Each structure stands twice: as C-alpha cells, then as structure tokens.
Amino acid sequence: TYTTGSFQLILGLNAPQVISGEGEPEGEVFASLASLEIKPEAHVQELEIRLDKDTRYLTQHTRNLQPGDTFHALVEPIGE
Amino acid sequence: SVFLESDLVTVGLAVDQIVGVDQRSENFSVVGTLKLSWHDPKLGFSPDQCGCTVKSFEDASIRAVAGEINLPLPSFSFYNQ
Amino acid sequence: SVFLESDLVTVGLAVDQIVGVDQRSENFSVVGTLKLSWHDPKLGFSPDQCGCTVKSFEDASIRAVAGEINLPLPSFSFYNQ
C-alpha cells in the first residue's frame, strides 16, 4: 500500500553536510515550489445553522490547505 | 450596586422510580435526575485561546472542580443520605 | 469534502448468560461481550520508532487512554447501569 503523513525536506547545493540530515539554512535560495505556477479544481459545501439563545457562538474546523490555495465564505439569513 | 450580591441558582429534580422501602430501618431508595444552573462571569473565557465554544468537566463532583480551578462553586449534598 | 466530518464506528454485542432477575426492584443481570472498531489517522505511527506492528493498552477504560494520549476517543456507558 501507499503511506500518508507529514514530512520535512532539506535540499542542498554543493553542501556535503546535507546528507547528515542536520544542514542549517544558509546562502541564497535556489529552488521553489512548482505548484505555484498552476491551479486545481473546486470544492463547495452548503450548511444550515441556527443560533439558539444559549448557543449564540459556533465554530467549525476546515481541512488542511495546500500552499497557494484560496478560501471563500458567505452567510445569508433565512428570513428577518 | 454598591453592595455585593448573591449568585442566583436554578434547580430541578425528577423522580424516575421508587426502588425500595425498608419499614423496620425506616428508609427508602429512589432513582432520579438532578440539574443545576447559574451564571458567573469569573468562569468566562475567550474562544480564540482554545477554538471551542463549550468547556466541559466529566466524572467529577462540584467540590473537586472548585478545588481544581480555585474558584467558589455551589456544592450541594443530600441531607438524609 | 470541505468541512470536518464524523468518524464511523462499528459495534457488536453478544449475550452469554442471564444470571438473575429481580422482580421487586425491577432489575436484571447479564454476562456478555462488547466490541468496537473505528479508523483514525491521528492514531497512526511509524514502525521504525518502535519496531512493532501493534501498539496496545491494557486494563484501562477508553476515557483513561484518551486522557493519557490527549486525543478524542469514543467513550461509552451503559444507560441503566
């Protein structure tokens, strides 16, 4: 099977200490994220919420966002 | 108000079943539910430090919670327990 | 999916023996087995830090394990215990 999780990536250029895994950042950058040249698809969800007398505060958690993505939201009351 | 005031508490109790009566030792047993409610600004908190709207304590008496959070709370007891 | 969803839990229960019925106090006793199962990526680990494929906890309730590992777990209770 495949695997899932978070990772840390260290890249070096003519820096032989990187293969030890302990290279501290130095010098001027040379590589960048490739995805920042492009864009993907859209996901939309709609939910109905009610604020009772004792439940006037509500919070919701969102999934992780990759770098360069965008987030939008809007709320419209049912009535008055 | 110049003078300090007493905190107001709402109480309610319901009886579900009478499960026994002892006629020689003069005692009875009952099953039911109890509910208390009060308002105290000293227990308030800000959501941005925990990301939650409800803070809960479980499997503890009022005295234990009051001792843990170092604030006075309305503890109670059954008189003829 | 856009927002946070719910974790799916599989449950099963079996009854081995009815060991008593109280007709005045209206209660009964039963012996059986309970099983739960769910999937949560937050509990996943990497084998190379322990050299094992199974991580186990023994003689503890779900609440105790959740408090020890600081992760939400599906605790349960018997309603009429």
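Any value given below was found using the heavy atoms of this structure, including those in side chains, with hydrogens, waters and symmetry copies removed. Lettering follows sequence order; numbering is per chain, from 1.
- Here the straight-line distance linking atom CD of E26(C) with atom CD1 of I18(B) works out to 11.5 Å at 0.5 Å rounding.
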Passes side chain to side chain contact (heavy atoms under 4.5 Å, CB included), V11(B) versus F76(B)? Steps please. CA-CA 11 Å; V11(B) 70; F76(B) 66 93; over 6 Å; no
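- With hydrogens and angles disregarded, no donor-acceptor distance shorter than 3.5 Å links the side chain of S25(B) to the backbone of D22(B).
- A salt bridge between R50(A) and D52(A) is present, with a side-chain N of the basic residue lying under 4.0 Å from a carboxylate O of the acidic one.
- Distance alone, capped at 3.5 Å, is enough to place a donor-acceptor pair between the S1(B) side chain and the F3(B) backbone.
- Of all heavy-atom pairs between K53(A) and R56(A), the closest is O-NE, 3.1 Å.
- The cluster map of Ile, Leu, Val, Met, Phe, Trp and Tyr, joined by side-chain heavy atoms under 4.5 Å apart, puts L13(B) and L8(B) in different clusters.
- Note on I62(C) and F57(B): separate hydrophobic clusters, where clusters join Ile, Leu, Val, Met, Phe, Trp and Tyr whose side-chain heavy atoms are under 4.5 Å apart, directly or indirectly.
- Both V30(B) and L34(B) belong to a single network of hydrophobic side chains, linked directly or stepwise wherever heavy atoms of I, L, V, M, F, W or Y lie under 4.5 Å apart.
- Linking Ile, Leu, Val, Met, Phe, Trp and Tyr whenever their side-chain heavy atoms come within less than 4.5 Å leaves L4(C) and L71(C) in two separate clusters.
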Full working for side chain to side chain contact (heavy atoms under 4.5 Å, CB included) between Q23(B) and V21(B): CA-CA 6 Å; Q23(B) 303 177 179; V21(B) 174; 4.3 Å; yes
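- The two residues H61(A) and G51(B) make their nearest non-hydrogen contact at CE1-O, 3.9 Å.
- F7(A) and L11(A) fall within the same hydrophobic cluster, defined by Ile, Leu, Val, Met, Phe, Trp and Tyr side-chain heavy atoms under 4.5 Å apart, directly or through other members.
- At most 12 heavy atoms of other shown residues, nucleotides or ligands fall within 6.0 angstrom of atom CZ in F28(B).
- Rounded to the nearest 0.5 Å, atoms CG (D48(B)) and OG1 (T59(A)) are 11.5 Å apart.
- With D40(B) contributing its side chain and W38(B) its backbone, the two residues share no donor-acceptor pair below 3.5 Å.
- Heavy-atom minimum distance, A64(C) versus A60(C): CB-CB, 4.4 Å.
- Counting heavy atoms of neighbouring residues, nucleotides and ligands inside a 6.0 Å radius, atom CG of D54(A) does not exceed 12 of them.
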Does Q17(A) form a side chain to side chain contact (heavy atoms under 4.5 Å, CB included) with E24(A)? I'd like the steps, not just the answer. CA-CA 9 Å; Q17(A) 75 285 6; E24(A) 207 178 2; over 6 Å; no
Residues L73(B), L43(B); criterion side chain to side chain contact (heavy atoms under 4.5 Å, CB included); working and verdict: CA-CA 10 Å; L73(B) 296 181; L43(B) 272 64; 4.2 Å; yes
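- The two residues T53(C) and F45(C) have their closest heavy-atom pair at O-CZ, 4.1 Å.
- The nearest pair of heavy atoms linking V2(C) to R63(A) is O-CG, 3.4 Å.
- Note: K42(C) NZ to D7(C) CG = 12.0 Å, rounded to the nearest 0.5 Å.
- Rounded to the nearest 0.5 Å, atoms CD (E26(A)) and CG (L13(A)) are 10.5 Å apart.
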